[PDB]
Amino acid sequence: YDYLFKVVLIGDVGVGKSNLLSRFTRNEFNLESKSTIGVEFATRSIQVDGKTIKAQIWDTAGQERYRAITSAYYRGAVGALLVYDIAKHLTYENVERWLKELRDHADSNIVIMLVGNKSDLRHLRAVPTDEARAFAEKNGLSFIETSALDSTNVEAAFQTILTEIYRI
């Protein structure tokens, strides 16, 4: 590989972060996935503007009651995938909080993509694409909508963040 990019997934419990990870790195999916214990990462190589980037993608539970995610999680991260659930409006609402946590724990220069995941659930939508696109644009984040379930826009979400990072 030519460069290593550490990227982190963050977003509320249940929005689909670990299945974004597994979709991207092993092309596997799991409808019966339990809340994530401790921290995981997995790697995959791709091609970005001619180069081989090894993407190191980190993942962990969205739950922070008694046990908070520390700076060590975010340490060295060039990209954050900030995921919410298009069908549950509270998860979009908590984006603020994740931005706050990014400001708090991550580099001032982290590239942040807002990802509205679970697009297959077209009919259950509680968050309109153009509202979120406009929230992204107003906060200076990239934006995409994915489905880890039917595998739509996943490799794109990743390739885009990784390209942005490479071109900074």
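Each residue number is its position in the shown sequence, starting from 1.
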{"query": "Stretch with the higher entry mean CA B-factor, where the candidates are 127 to 135 and 62 to 70", "finding": "127 to 135"}
{"query": "Entry-level comparison of average CA B-factors, 104 to 112 and 27 to 35, reporting the higher stretch", "finding": "27 to 35"}
{"query": "Chain-wide C-alpha B factor ranking for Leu162, given as lowest, middle or highest third", "finding": "lowest"}
{"query": "CA B-factor placement of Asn153, once the chain's modelled residues are sorted into thirds", "finding": "highest"}
{"query": "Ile168 CA temperature factor, ranked by third within the chain", "finding": "highest"}
{"query": "Chain thirds of CA B-factor: placement of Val78", "finding": "lowest"}
{"query": "Chain thirds of CA B-factor: placement of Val48", "finding": "middle"}
